[PDB]
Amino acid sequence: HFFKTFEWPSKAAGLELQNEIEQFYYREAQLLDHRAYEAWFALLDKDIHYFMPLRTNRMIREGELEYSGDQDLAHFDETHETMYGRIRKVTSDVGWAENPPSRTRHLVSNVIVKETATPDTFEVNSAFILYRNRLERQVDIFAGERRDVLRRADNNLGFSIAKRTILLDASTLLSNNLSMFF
């Protein structure tokens, strides 16, 4: 439950690998940003662990306690089924928080690709700004990083997601909801 600097590989991923992942994230963002929730959902693997701990203000001495843990509450801590119900809710004619829907942009940069022991599975670090605009005048700006495990897959995106941890740059949430996906 303590994160620290991402352990980038010493030799960078080849130019092909870096591009493929990058393009995967840009495709991902287009799906989300255009509310194609179902096609987004289809990216998640059976074993998915979608996680986003709480952060707290800690004195330096108590820095190893910055993030919430596995036996604590999170903003998200999901599996395929819990993700499906969330998907189910957000697409509902009668789910008010997203009818009318929001307007978001997922801006992806800082993509670091690390190869795992398993070929075709990769550990990926990236940074994001998520911009959510809503109702008449509501703007919520989110920032953080994503820690993904991604497998090559034969969907039109070229990858699927096995694990996503989201380090949101927030203690208390400045927004009234998290109706969006990271």
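We number the residues from 1 along the sequence you see.
- Between 173-181 and 1-9, the higher mean Cα B-factor belongs to 1-9.
- As listed in the deposited structure, the average C-alpha B-factor of 125-133 and of 38-46 is greater for 38-46.
- When the C-alpha B factors of 145, 64, 148, 140 are read from the deposited coordinates, the top value falls at 64.
- Ranked within its chain, residue 99 lands in the middle third, by CA B factor from the PDB record.
- For residue 107, the recorded CA B-factor ranks within the lowest third of the chain. Only modelled residues enter the ranking.
- Among the modelled residues of its chain, residue 59 has a C-alpha B-factor that falls in the highest third, as given in the PDB entry.
- In the PDB entry, a CA B factor belonging to the middle third of its chain's modelled residues is recorded for residue 17.
- When all modelled residues of the chain are sorted by CA temperature factor, residue 118 is found within the middle third.
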